[PDB]
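K.L.:
Structure in structure tokens, see below.
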Amino acid sequence: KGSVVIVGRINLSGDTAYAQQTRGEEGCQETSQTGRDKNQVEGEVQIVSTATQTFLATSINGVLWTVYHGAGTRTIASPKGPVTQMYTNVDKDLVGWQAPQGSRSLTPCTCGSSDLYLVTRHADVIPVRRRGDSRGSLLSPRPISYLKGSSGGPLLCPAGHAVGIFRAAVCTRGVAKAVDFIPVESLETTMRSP
Ligand SMILES: C=C[C@@H]1C[C@]1(NC(=O)[C@@H]1C[C@@H](Oc2ncc(OC)c3ccc(Cl)cc23)CN1C(=O)[C@@H](NC(=O)OC(C)(C)C)C(C)(C)C)C(=O)NS(=O)(=O)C1CC1
Ligand SMILES: [Zn+2]
């Protein structure tokens with residue numbers, strides 16, 4: 001198992017949502033085997049990779065969360081060496097490490113908002129109608145190809161709180177009609193329990 005490596009970040013703190021790439025696909029492999037990543041971290045959302053796949057990770061409650069079908073059991077690279085996971089729920093498809101220094105956590109939502117926004121690896125923010133605990137409809141249906149590489153990113157309410165973590169797409173003939181996410185309350189349950 002190599003280490004998960006941060007190769008970029010998305011910021012959600014300004015008047016503008018943007019991505020910024022931090023590591024080429026050559027420093028990634030090196031960082032991955034040694035698990036030592038000296039690069040400074042910033043942002044609420046990290047763009048991360050394993051050997052051939054890239055996806056997202058989201059900071060909430062001082063934990064950097066992502067999807068299990070992404071990270072696996074893997075450590076994540078840090079300035080001090082490889083970081084072992086603090087939380088791992090396979091049934092939930094959930095992984096988390098302690099948030100790296102410089103990673104600002106999103107606050108978990110308490111609004112009850114039904115209007116949501118998905119953040120893509122492209123710092124695109126996409127309108128979503130919450131239809132259940134862990135589902136939301138896309139106002140604009142997008143092709144599946146469009147959403148690939150964005151799992152582990154946040155679903156946000158209109159006040160920019162975290163409602164949950166994008167996990168799977170509900171897809172019909174190559175089109176994404178809706179999204180399934182891990183509710184932010186399941187993250188909190190995961191945090192409280194041995
Ligand atoms: C289009 C972009 C979507 C968000 C995306 N995620 C996916 O591809 C997910 C992965 C897999 O689901 C799950 N795996 C493991 C689990 O635990 C170990 C799960 C435990 C509970 C549940 Cl919910 C799902 C789980 C299948 N899947 C689908 O989305 C599938 N959809 C799906 O399963 O939808 C339903 C849930 C509605 C059936 C399908 C392939 C058919 C779209 C992604 O981008 N990943 S990635 O490319 O970044 C690269 C790894 C990081
Ligand atoms: Zn909210």
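Going by the structure tokens order, chains are called A, B, ..., each with residues numbered from 1, while ligands are numbered from 1 in the order shown.
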10 Å from ligand 1 is the threshold here; counting only C-alpha atoms and all ligand atoms, which polymer residues fall inside it? Answer as a ChimeraX atom specification.
P.N.:
/A:48-50,52-57,66-72,88-95,120-121,134-135,142-153,165-182
K.L.:
List the spatial neighbours of residue 98 (chain A) as a PyMOL selection string - criterion: any atom at most 10 Å away, only C-alpha atoms, same-chain residues fewer than 5 positions off excluded.
P.N.:
chain A and resi 59-65+76+83-87+103
K.L.:
Counting only C-alpha atoms and all ligand atoms, which protein, DNA or RNA residues come within 9 Å of ligand 2, given as a list in words?
P.N.:
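Answer in the requested format: residues 107, 108, 109, 110, 111, 112, 113, 156, 157, 158, 159, 160, 161, 162 and 163 of chain A.
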K.L.:
Please run DSSP on the backbone and report, as number ranges by chain, all residues within region 40-141 of chain A that come out as helix (DSSP H, G or I).
P.N.:
A: 68-71
K.L.:
Quick one: pick out all strand (DSSP E) residues within region 52-84 of chain A from a backbone DSSP run and write them as a ChimeraX atom specification.
P.N.:
/A:54-60,63-67
K.L.:
Dump N, CA, C and O atoms for the selected residues as an mmCIF file, in the first residue's frame?
P.N.:
data_model
loop_
_atom_site.group_PDB
_atom_site.id
_atom_site.type_symbol
_atom_site.label_atom_id
_atom_site.label_comp_id
_atom_site.auth_asym_id
_atom_site.auth_seq_id
_atom_site.Cartn_x
_atom_site.Cartn_y
_atom_site.Cartn_z
ATOM 1 N N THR A 54 -7.522 9.660 -9.024
ATOM 2 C CA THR A 54 -7.600 10.877 -8.233
ATOM 3 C C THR A 54 -9.051 11.151 -7.779
ATOM 4 O O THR A 54 -10.009 10.877 -8.502
ATOM 5 N N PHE A 55 -9.201 11.672 -6.569
ATOM 6 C CA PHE A 55 -10.513 11.953 -6.010
ATOM 7 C C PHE A 55 -10.391 13.057 -4.964
ATOM 8 O O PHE A 55 -9.365 13.721 -4.877
ATOM 9 N N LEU A 56 -11.434 13.262 -4.170
ATOM 10 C CA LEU A 56 -11.433 14.368 -3.224
ATOM 11 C C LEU A 56 -11.457 13.926 -1.761
ATOM 12 O O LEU A 56 -11.830 12.796 -1.439
ATOM 13 N N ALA A 57 -11.048 14.830 -0.880
ATOM 14 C CA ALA A 57 -11.146 14.602 0.555
ATOM 15 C C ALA A 57 -11.591 15.898 1.221
ATOM 16 O O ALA A 57 -11.165 16.982 0.829
ATOM 17 N N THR A 58 -12.462 15.790 2.219
ATOM 18 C CA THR A 58 -13.072 16.979 2.805
ATOM 19 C C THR A 58 -12.835 17.058 4.312
ATOM 20 O O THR A 58 -12.974 16.069 5.040
ATOM 21 N N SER A 59 -12.473 18.252 4.769
ATOM 22 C CA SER A 59 -12.159 18.468 6.172
ATOM 23 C C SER A 59 -13.392 18.924 6.953
ATOM 24 O O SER A 59 -13.998 19.939 6.632
ATOM 25 N N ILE A 60 -13.761 18.146 7.967
ATOM 26 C CA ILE A 60 -14.913 18.445 8.816
ATOM 27 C C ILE A 60 -14.603 17.981 10.241
ATOM 28 O O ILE A 60 -14.167 16.848 10.451
ATOM 29 N N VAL A 63 -11.163 16.507 10.986
ATOM 30 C CA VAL A 63 -10.817 15.274 10.311
ATOM 31 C C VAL A 63 -10.874 15.479 8.795
ATOM 32 O O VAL A 63 -11.789 16.119 8.272
ATOM 33 N N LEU A 64 -9.877 14.945 8.100
ATOM 34 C CA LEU A 64 -9.896 14.907 6.643
ATOM 35 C C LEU A 64 -10.584 13.627 6.191
ATOM 36 O O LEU A 64 -10.019 12.539 6.290
ATOM 37 N N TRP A 65 -11.805 13.765 5.698
ATOM 38 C CA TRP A 65 -12.615 12.611 5.314
ATOM 39 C C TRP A 65 -12.542 12.338 3.813
ATOM 40 O O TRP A 65 -12.502 13.260 3.005
ATOM 41 N N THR A 66 -12.551 11.063 3.446
ATOM 42 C CA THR A 66 -12.771 10.685 2.055
ATOM 43 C C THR A 66 -13.485 9.342 1.978
ATOM 44 O O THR A 66 -13.917 8.790 2.997
ATOM 45 N N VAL A 67 -13.591 8.823 0.761
ATOM 46 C CA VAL A 67 -14.283 7.576 0.501
ATOM 47 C C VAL A 67 -13.354 6.379 0.548
ATOM 48 O O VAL A 67 -12.197 6.453 0.120
#
K.L.:
For the atom pair CA of residue 102 (chain A) and CA of residue 28 (chain A), what is the interatomic distance in Å to one decimal place?
P.N.:
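Pair CA of residue 102 (chain A) / CA of residue 28 (chain A) returns 19.7 Å.
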K.L.:
Leaving out residue 124 (chain A) and any residue of its chain fewer than 3 positions from it, which residues lie within 10 Å of it when counting only C-alpha atoms, given as number ranges by chain?
P.N.:
A: 10, 17-19, 117-121
K.L.:
Interatomic distance between CA of residue 75 (chain A) and CA of residue 133 (chain A)?
P.N.:
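Interatomic distance here is 29.6 Å.
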K.L.:
Skipping near chain neighbours, those fewer than 6 positions away, what residues fall within 12 Å of residue 24 (chain A) using only C-alpha atoms, listed as a PyMOL selection string?
P.N.:
chain A and resi 5-8+30-31+48-49
K.L.:
Find the residue from A:82, A:183, A:132, A:127 that sits nearest to residue 35 (chain A); use only C-alpha atoms when measuring.
P.N.:
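The closest residue to residue 35 (chain A) is A:82.
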